[PDB]
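Remarks on the structure that follows.
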Amino acid sequence: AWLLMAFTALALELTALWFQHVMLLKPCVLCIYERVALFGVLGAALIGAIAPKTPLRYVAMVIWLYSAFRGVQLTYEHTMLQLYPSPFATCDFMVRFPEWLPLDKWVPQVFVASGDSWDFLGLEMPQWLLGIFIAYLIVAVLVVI
Amino acid sequence: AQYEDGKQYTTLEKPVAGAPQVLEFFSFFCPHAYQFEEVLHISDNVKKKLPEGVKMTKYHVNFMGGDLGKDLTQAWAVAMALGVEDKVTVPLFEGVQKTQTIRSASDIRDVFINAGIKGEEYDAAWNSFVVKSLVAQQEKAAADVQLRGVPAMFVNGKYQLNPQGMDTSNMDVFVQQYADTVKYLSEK
Ligand SMILES: COC1=C(OC)C(=O)C(CC=C(C)C)=C(C)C1=O
Ligand SMILES: [Zn+2]
């Protein structure tokens, strides 16, 4: 799928990353998790498992079976709460990376949160990303799995 | 046989001395904090089950609401210092969060006045060393239990509250399941 993703890389990837730092906007916390359950596919099937060799791409099948997946509920759970809030939840300003692998401090500039309380088309931000996190799911599941 | 780390609570890696007995954080800005305290009054329920008349503290947080939260905190720093609290909780939630009728220092000021707080006796404490100290030590207090999100909670400066390792579908239930986990971690 390197063709899709090379032009999801050189066409879709940073229409994200930029076109926020473009108007210099503040993220959230889920934000960069969704940026991670993203830039951890458009990098994790490029230099990933459709790979620098394209005979065997069922490693990328699981790289999509359970990565586009996170991207789904990250956005979903996120978007759930927008006028429909929930007791046992939180709302943060700080972020994490277990495995002593450390997102934040590697790229201070883009792996960073700033937790706060607009508009994107006939929508706003997060839903508009389920419009692709769940899009690049089924119409990507279909042809491979 | 049945009480699990990472489950109903999580113990702190770097724990903190002189810390309060139970130390719920919260903003007047988390629709969840609202849900937590204003809808479920978990605070009160925890109080209830609580062991032998025990320090049920509650601090406010700065991040959300930027420049306003800052004063909303300071306001509250007072509200503890007096303190009305109880009297200023409900309306300030109801203000800022639910109706969007609070604009800054004085809107808050008003909601104190209006709630039985003496006009500028509120301002009489607001600049008292009493409440500088209070504020600063609810920054410190958060930075200590290394904080990120709110609502939060910490038994005796040791145990981060995990509301997860508990029923999530049943309200009446999760509450008592929450309030319980406290009675436990306290006398422990
Ligand atoms: C609602 O807040 C969010 C942003 O606002 C600055 C983002 O930039 C981003 C990153 C933007 C894209 C298009 C992936 C996300 C995921 C987000 O949730
Ligand atoms: Zn009620």
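Using the numbering of Swiss-Prot, the residues shown for chain A are 14-130, 135-162, in order.
Placed from the backbone N, Cα and C atoms, the Cβ positions cover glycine too.
What Swiss-Prot records for A:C41-A:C44 is disulfide bond. Classification of A:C44 (disulfide bond) by DSSP places it within a helix.
The topological domain 'Cytoplasmic' (A:66-71): residue composition by secondary structure is 0 helix, 0 strand, 6 coil, according to DSSP. Annotation source Swiss-Prot lists topological domain 'Cytoplasmic' at A:66-71, citing a curator's inference.
Taken from Swiss-Prot, the feature transmembrane segment covers A:15-31 (among others), and the record attributes it to a curator's inference. Away from its own ends, the transmembrane segment (A:15-31) comes close to residues 48, 51-52, 55, 58-59, 63, 67, 123, 149, 153 of its chain (Cβ-Cβ under 8 Å, at least six residues beyond either end).
Within its own chain, the transmembrane segment (A:50-65) has Cβ neighbours under 8 Å at 14-15, 18-19, 21-22, 25-26, 29-30, 72-77, 80-81, 83-84, 87, 150, counting only residues six or more beyond its boundaries. Annotation source Swiss-Prot lists transmembrane segment at A:50-65 (among others), citing a curator's inference.
Only residues 6 or more beyond the boundaries of the transmembrane segment (A:72-89), in the same chain, are considered here, and those with a CB under 8 A from a CB of the stretch are 14, 43, 46-47, 50-51, 53-54, 57-58, 61-64, 143-144, 146-147, 150-151, 153-154, 157-158, 161-162. Positions annotated as transmembrane segment by Swiss-Prot: A:72-89 (among others).
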Folded-back contacts onto the topological domain 'Cytoplasmic' (A:66-71), same chain, C-beta under 8 angstroms, at least six residues removed: 14-15, 161
All-chain count of other Cβ atoms within 10 Å of A:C44 (disulfide bond): 22
Modelling gap (4 residues), A:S130/A:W135 Cα distance, angstrom: 12
A:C41 (disulfide bond): tally of other CB atoms within 10 A of its CB: 20
